[PDB]
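K.L.:
To start, I am sharing the structure in question, which I have written as structure tokens.
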Protein chains: 12
Amino acid sequence: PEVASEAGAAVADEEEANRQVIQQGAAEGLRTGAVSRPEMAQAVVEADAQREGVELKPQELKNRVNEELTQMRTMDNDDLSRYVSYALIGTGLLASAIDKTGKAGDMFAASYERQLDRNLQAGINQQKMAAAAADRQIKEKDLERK
Amino acid sequence: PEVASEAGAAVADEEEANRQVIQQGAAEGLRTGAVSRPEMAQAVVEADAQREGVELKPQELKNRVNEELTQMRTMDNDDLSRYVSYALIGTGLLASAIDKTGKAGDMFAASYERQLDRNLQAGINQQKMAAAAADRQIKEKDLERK
Amino acid sequence: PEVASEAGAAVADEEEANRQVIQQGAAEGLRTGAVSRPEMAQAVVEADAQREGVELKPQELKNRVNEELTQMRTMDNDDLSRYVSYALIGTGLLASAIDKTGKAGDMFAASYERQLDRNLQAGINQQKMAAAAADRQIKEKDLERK
Amino acid sequence: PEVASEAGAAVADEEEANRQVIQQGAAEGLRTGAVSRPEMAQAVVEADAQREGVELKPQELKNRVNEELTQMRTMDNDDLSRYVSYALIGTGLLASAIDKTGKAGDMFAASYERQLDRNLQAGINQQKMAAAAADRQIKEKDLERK
Amino acid sequence: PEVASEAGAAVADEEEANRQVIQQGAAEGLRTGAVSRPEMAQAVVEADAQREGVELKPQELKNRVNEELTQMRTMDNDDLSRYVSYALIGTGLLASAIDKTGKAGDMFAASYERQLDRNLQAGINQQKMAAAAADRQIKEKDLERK
Amino acid sequence: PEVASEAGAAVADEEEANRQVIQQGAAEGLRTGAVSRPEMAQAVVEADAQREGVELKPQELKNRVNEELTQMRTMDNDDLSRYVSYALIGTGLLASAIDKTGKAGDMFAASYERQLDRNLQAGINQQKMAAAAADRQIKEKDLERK
Amino acid sequence: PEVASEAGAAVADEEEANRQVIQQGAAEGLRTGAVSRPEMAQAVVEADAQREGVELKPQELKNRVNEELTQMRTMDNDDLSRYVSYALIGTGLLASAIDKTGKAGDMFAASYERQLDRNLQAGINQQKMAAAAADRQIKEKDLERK
Amino acid sequence: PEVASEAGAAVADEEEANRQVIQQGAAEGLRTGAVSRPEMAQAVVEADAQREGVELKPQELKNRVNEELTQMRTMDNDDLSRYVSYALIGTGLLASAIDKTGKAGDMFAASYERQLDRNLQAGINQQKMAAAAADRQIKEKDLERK
Amino acid sequence: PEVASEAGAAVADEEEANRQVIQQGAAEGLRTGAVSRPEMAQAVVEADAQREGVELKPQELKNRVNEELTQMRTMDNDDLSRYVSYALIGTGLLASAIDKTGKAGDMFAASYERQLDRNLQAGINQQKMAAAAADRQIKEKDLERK
Amino acid sequence: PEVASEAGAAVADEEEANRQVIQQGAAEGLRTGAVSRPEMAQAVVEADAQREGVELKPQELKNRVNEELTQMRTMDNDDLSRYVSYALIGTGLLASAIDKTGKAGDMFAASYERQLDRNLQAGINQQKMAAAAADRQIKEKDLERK
Amino acid sequence: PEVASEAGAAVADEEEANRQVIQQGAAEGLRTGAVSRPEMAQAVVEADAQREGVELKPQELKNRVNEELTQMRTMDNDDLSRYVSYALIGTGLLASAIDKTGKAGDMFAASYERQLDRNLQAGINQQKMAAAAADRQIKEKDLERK
Amino acid sequence: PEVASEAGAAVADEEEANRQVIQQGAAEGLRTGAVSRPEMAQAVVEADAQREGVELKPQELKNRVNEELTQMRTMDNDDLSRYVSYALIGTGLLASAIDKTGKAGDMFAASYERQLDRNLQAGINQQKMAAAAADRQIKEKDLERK
């Protein structure tokens, strides 16, 4: 019946929206320096521990914070925002013993490689050596004055 | 019975009157710089999305604003006001299962070609090289003093 | 019966008084610049539209204002006041299905003819070159001293 | 019966008395310049119109004021006072279908020719060249000292 | 019976006593200039009119005042006081249909010729050249010192 | 019976005592100049008129005052006081139809001629040339020192 | 019976004591000038008049005062005090139709002749030339020092 | 019985004690001049008069005061105090018809003789020429130092 | 029985104790001059008179005071205190017809010649010429230093 | 049954959590000098005595404090914190007569060997002489500029 | 029975203790001069008199004070304290007709003998000439430095 | 039963603890000079007297303080603290007629020779001449820099 509609309302509405809000917030926090990398490393570690439902022992908690930090050092600010959003929002698996899992999974996929395809489309980079474009602009302005 | 009167009262009265008010306001705001182009682009995108009745995902929403701005960059201020008025007021289609649709549609078309014919009649612009008119004025003034 | 008395009372008195008061007010306002020409043009256009009982759309309302301004530009202040008074007070036609229209119309024509004939009698213009009159006054004063 | 006494009390008492009070008041107003000629011209015009019981239409009301002014310009201040008093008090004609008319008429007459004969007796002016009278005064004073 | 006593009490008591009081007052007023001649002329004219019991019209009243002033211009201050006293108190004639008129008339007469012969005895004038009196006084003083 | 006692009481006691008191007061008034002669002339005239019981008319009242002043001018201050006292007090004649008039009158006489005889005895004045008295007093003083 | 005791109580005491008090008071008044001679002359005159029980008329009252003054001028201050005391206290004569008369008279006598005999005894004055007494005093002082 | 005791208590107790108190007071008053001789002369005269029970007429009261003063001028201050004390306290004679008179009289005599013989023992006078006593004192002092 | 104890408590307790206190007070008063000799002379005289129970008359009171002063002048201050104490406290004699007599008397004696014998033992005076004692003291001091 | 969950709760929850917290606190206190070594020596001695349940006498208490200080002097700060944490945390032995002892012991030993093996893995120390690393970094930056 | 305890409590408890306290107080008073010798002489005399139960007459009271003073002059301050304490506390004799006197007296004697023997043991005085002891002390210090 | 436990709780708990507290306090007081030696001597003497239950008479009390101080002069401060602690806490003997005495005695012993061998082990004294230790420290430091 309404399985697809309920799945969309419980997936598309309040899963990727908060994810993108978190992404932009983390990007701003990195940019202005208000919140530093170790804070997010610790937050990710606590989130993963809560996901596993195991109380974290303080000393190796510091150990996980450290290994997460050295893992994250090899990524830039925007990749860091992507990682943080995915980690703090990453959920799913299965609940109860009913349907609606397959539709949720397929739209998770749709959104996922939709994100990767915009990544490829935005990584095409800019062209031109930025000196011929000046010549073209000069030529158009010359046609305007003439 | 009163089908034509109802159509006129529900079309000519408060459909293009408000549209015309928004056209004037948008022209004034663009002229004085109170409201910028991106605000109008965002408003148009939100209005279109509400018309389609689909909740807008923020990121490709930014993409819609971007491509809409690229679309608008090739239009002047008055054409922009026309576009915004039409987009923010553009409605119609059919409601219920009754008459009055045909008269509404034909007077939409009438007002539309009315707007285009004023555009053509205003586009005739001005003539003369603005030096013979001075000679004409001098001649009339000479006739007056004479 | 008393139909002629009603014609005179409600058709010879209670608007030509207002007509001449409006004439005086418009003349004074134009003379002192308190009210400009576009204000009167707009008022005349609204009065005509209300007489026709049709709601007025904005840009062609401006179009009527402009063509009325072009019409007025070939008229002086006094003629403008006359025209404005006539337009603002001009009424008549027929009401109900009774008498009293014929005398109303004929005495309207009588008042109008009086207005034009007194206009001509005022426009007969002054004479004399204003140098012989000085000689006549000098001669009379000489006879007084003598 | 008492028609003559009632006639005298209704004419000789409160007809000429007010007339002469207005005469002296108008003379004083002319002399001191407190009230000007056009005010009295307009007052006379309104009084005549009220006597005729016809409402005066404003424009030709100004016309009557003008013709009254150019009629009055050929009279001096005292003649102006006479004219104004007569115009503002001029009444009479007939009332009811009874007596008292003839006595009123004859005393109106008597007062009239009384005013004219006083005017003639006052218009005899003065005589003598005003140098012989000085000689007579000198002679009398000489007889006084002697 | 008491006819003579009543006549005396109604004549000698409060008829000429008031007259003499007004004579004194008028003499003092003229002497000090507090009251001028035209005021008494107007008072005399009003008193005479009230005696005749006829309401006085304004301007002919002015000419009565005028000829009365011309009359008094031939009289000195004391004669003027006599005249004003007589005019303001002059009464008499007859009342009712009873006696006491003859006695009143005869004592009016007696007082009148009493005023006349008092006037003559005052007007007998002084004598002497005012130089022999000095010689007489010198002679008496010489007799005293001797 | 007690007729003589009553005559002595009311014809001798408060009828010369007040006379002498008035005499002394008048003499003092003349000596200090507080009250003048015309005031007593007027007072005497009013007293005489009241004695005659006749109301006094103004100018002949002044006439009696003036003739009384002329009468007084030939009298000195002391004689003036005598005359004033007599005039202000002098009474008598007869009352009722009873006795007591005779000894009252002869006692008035006695007092009168006793005033005259003391006047003559006081009018003998003084003797001596006022130089022999000095010699006599010198002789007495010389006898004293011796 | 007790007639001698009553005589002593009401006669021998109660005027001679007051007489002597009056004497000393009059002497002091003369000495200090507080009260003058004419005051006592007038007081004596009034006392004598009251003794005679006759009211005094003011003028001859002044006459008695004057004759008393010229009578008193020939007496010194102490004789004046004696005379004044006797005059203001002098009483006696007879009362009722009983005793108390004769012994009153004889003790008045005794007091009187006692006053005269002390006057004679005090009139012996002083003796000696007031130079031999100095010699006697010198001699006694010489016997004292010796 | 107690006749002698009563006499002593009524004589020796409050007769001489007060007498000697007045003696001391009079001596002190004369010594300091607080009270003069004439005051005590007057007091003595008044006391004697009261003892005789006769009212004193003022003038011969002064006479007795003067003669008493002449009597006292021949006595010194202490004799004067004796005299005044005796005079102001001098009493005695007889009262009632009982005994106690003889004892009082004999003790009066005893006290009197005591006063005289004390006076003599005080008046035995001092001896020596007041130069041998100096030699005696010098001699005693000589044996004192030796 | 207790008669000897009663005598001791009535004599030795409050007779010589107050006597010695009085002696000390008198000695101190004489030493400091607070109380002079005549005061105690008068006090002793009054005490003796009160003991004799006879009222004291002023003069011979002064005589006893003077003779007591003469008696005291031959006594020194200490002996004066002894005498004053003895006189002021000296009492005794006999009362009623019972015991308290012999023991009181002979203990009075015991105290009396006890006072005399201590007087003699104190009057043995001091010995030595006050120069050998200095030599003895010098010798003892020399023995101390040695 | 649930002996394993109770084992984890009673071994890993609040047993080495407080141990590691105490480790951190002791390390910080030693680093900042807030708490000195003798304080922890005394605390350790008191904890051991309380574990043995024997009251400590003063001097040998000082003796244990001193020997514990000697024991600590051969240790650095970090291992001192380790020892202190073990001292006031180390507990165990057996309670009641039930299970849960074996799991407690074995996973106590598990955490223990974990602590030593991580100690050895952290004690592997750093390598390189710190001059070749600079060369490598220089080469990498050269490749970046190139 | 408890006779020994009663004797000890009422003989040795509050009898020598207050005696020694009195000794200390007297010694301090002598040392600081707060209380002088004559005060204690008088106190001792009064205490002895009260012991004999006889009232002391003031003069020979001074005599006993003097003889006590000359007795005490032959003793030093500490012996004076001994004597004063013994005199002020010295009691004993016998009371009632019961036992407890004998051992009271013999241990009185024991305490007295203790006092005298400790005085002898304290009077053994110090030895050495106070120069050899300096040599011994120097030798000991020399042994110390060496 | 609990005899040993009762003995230990009544001896080891509150006998040596208080004793050693007083030892520490006395050592501190002697070190800082707050409490002097005579105060401790007096306290010890009073405690001993109270233990003997005999009231100490003041003078021989001073004797005990004196020779007690002479005994104390041959001991140092720490030996003095030992002595005062033992004297002020020294108790024991036997109470009631029950057990627990032997165990108390043997633990008194145990504590006693525990104090003795602690004293010996503290008095084993230090070794070395304090110049070879400097060489040893220099050698170790040289090995460290090497």
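Ordering of the structure tokens sets the chain letters (A, B, ...), residue numbers begin anew at 1 in every chain, and ligands are numbered from 1 in the order given.
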Can you check which residues of chain F have any atom within 9 Å of chain E? Use only C-alpha atoms and format it as an NGL selection string.
P.N.:
:F and (55 or 57-59)
K.L.:
So that I can check the surroundings of residue 38 in chain K, please list as a list in words every protein, DNA and RNA residue that reaches within 10 Å of it, counting only C-alpha atoms and ignoring chain neighbours fewer than 2 positions away.
P.N.:
residues 35, 36, 40, 41, 42, 43, 44, 65, 66, 68, 69 and 72 of chain K
K.L.:
Write the residues of the selection above to a file with N, CA and C atoms, as a PDB file, in the first residue's frame.
P.N.:
```
ATOM      1  N   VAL K  35      52.085  47.809 102.193  1.00  0.00           N
ATOM      2  CA  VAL K  35      51.608  47.848 103.569  1.00  0.00           C
ATOM      3  C   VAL K  35      52.811  47.972 104.494  1.00  0.00           C
ATOM      4  N   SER K  36      52.745  48.926 105.416  1.00  0.00           N
ATOM      5  CA  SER K  36      53.876  49.274 106.260  1.00  0.00           C
ATOM      6  C   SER K  36      53.825  48.531 107.592  1.00  0.00           C
ATOM      7  N   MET K  40      50.655  46.441 110.452  1.00  0.00           N
ATOM      8  CA  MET K  40      50.694  45.100 111.021  1.00  0.00           C
ATOM      9  C   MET K  40      50.844  45.122 112.532  1.00  0.00           C
ATOM     10  N   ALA K  41      51.563  46.098 113.083  1.00  0.00           N
ATOM     11  CA  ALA K  41      51.636  46.197 114.536  1.00  0.00           C
ATOM     12  C   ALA K  41      50.250  46.414 115.129  1.00  0.00           C
ATOM     13  N   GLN K  42      49.482  47.328 114.536  1.00  0.00           N
ATOM     14  CA  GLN K  42      48.128  47.582 115.013  1.00  0.00           C
ATOM     15  C   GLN K  42      47.240  46.358 114.828  1.00  0.00           C
ATOM     16  N   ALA K  43      47.375  45.669 113.693  1.00  0.00           N
ATOM     17  CA  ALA K  43      46.569  44.477 113.458  1.00  0.00           C
ATOM     18  C   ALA K  43      46.880  43.392 114.479  1.00  0.00           C
ATOM     19  N   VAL K  44      48.161  43.198 114.792  1.00  0.00           N
ATOM     20  CA  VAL K  44      48.549  42.206 115.788  1.00  0.00           C
ATOM     21  C   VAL K  44      47.994  42.578 117.153  1.00  0.00           C
ATOM     22  N   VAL K  65      50.617  49.720 120.580  1.00  0.00           N
ATOM     23  CA  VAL K  65      51.136  49.809 119.219  1.00  0.00           C
ATOM     24  C   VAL K  65      52.594  50.248 119.240  1.00  0.00           C
ATOM     25  N   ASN K  66      52.914  51.247 120.064  1.00  0.00           N
ATOM     26  CA  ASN K  66      54.285  51.740 120.134  1.00  0.00           C
ATOM     27  C   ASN K  66      55.238  50.681 120.673  1.00  0.00           C
ATOM     28  N   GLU K  68      54.861  47.452 120.616  1.00  0.00           N
ATOM     29  CA  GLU K  68      54.981  46.414 119.603  1.00  0.00           C
ATOM     30  C   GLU K  68      55.928  46.854 118.497  1.00  0.00           C
ATOM     31  N   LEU K  69      55.862  48.128 118.107  1.00  0.00           N
ATOM     32  CA  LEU K  69      56.748  48.629 117.061  1.00  0.00           C
ATOM     33  C   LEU K  69      58.206  48.575 117.498  1.00  0.00           C
ATOM     34  N   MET K  72      59.329  45.043 117.348  1.00  0.00           N
ATOM     35  CA  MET K  72      59.510  44.527 115.998  1.00  0.00           C
ATOM     36  C   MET K  72      60.690  45.150 115.270  1.00  0.00           C
TER      37      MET K  72
END
```
K.L.:
Extract, using only C-alpha atoms, all DNA, RNA and protein residues at most 10 Å from residue 90 in chain L, discarding same-chain residues fewer than 6 positions from it, and format them as a PyMOL selection string.
P.N.:
chain L and resi 15+19+47-48+51+84
K.L.:
Filtering to C-alpha atoms, could you give me those residues as a short mmCIF file (atom, residue, chain, number, x, y, z; two decimals), in the first residue's frame?
P.N.:
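New file again_6.cif:
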```cif
data_model
loop_
_atom_site.label_atom_id
_atom_site.label_comp_id
_atom_site.auth_asym_id
_atom_site.auth_seq_id
_atom_site.Cartn_x
_atom_site.Cartn_y
_atom_site.Cartn_z
CA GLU L 15 47.06 4.65 76.66
CA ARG L 19 50.93 9.47 75.84
CA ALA L 47 50.11 14.60 89.18
CA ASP L 48 52.26 12.49 91.51
CA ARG L 51 48.18 9.76 92.40
CA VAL L 84 56.90 14.09 81.13
#
```
K.L.:
Quick check for you: according to DSSP on this backbone, which residues of range 13-138 of chain H are classed as helix (DSSP H, G or I)? Reply as number ranges by chain.
P.N.:
H: 16-32, 37-52, 58-72, 77-89, 101-122, 132-138
K.L.:
What does the structure give for the distance between CA of residue 3 in chain A and CA of residue 100 in chain A, in Å to one decimal?
P.N.:
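Computed distance, CA of residue 3 in chain A to CA of residue 100 in chain A, equals 5.7 Å.
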K.L.:
Measure the distance from CA of residue 75 in chain E to CA of residue 125 in chain D in Å and round it to one decimal.
P.N.:
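Distance reported for this atom pair: 27.0 Å.
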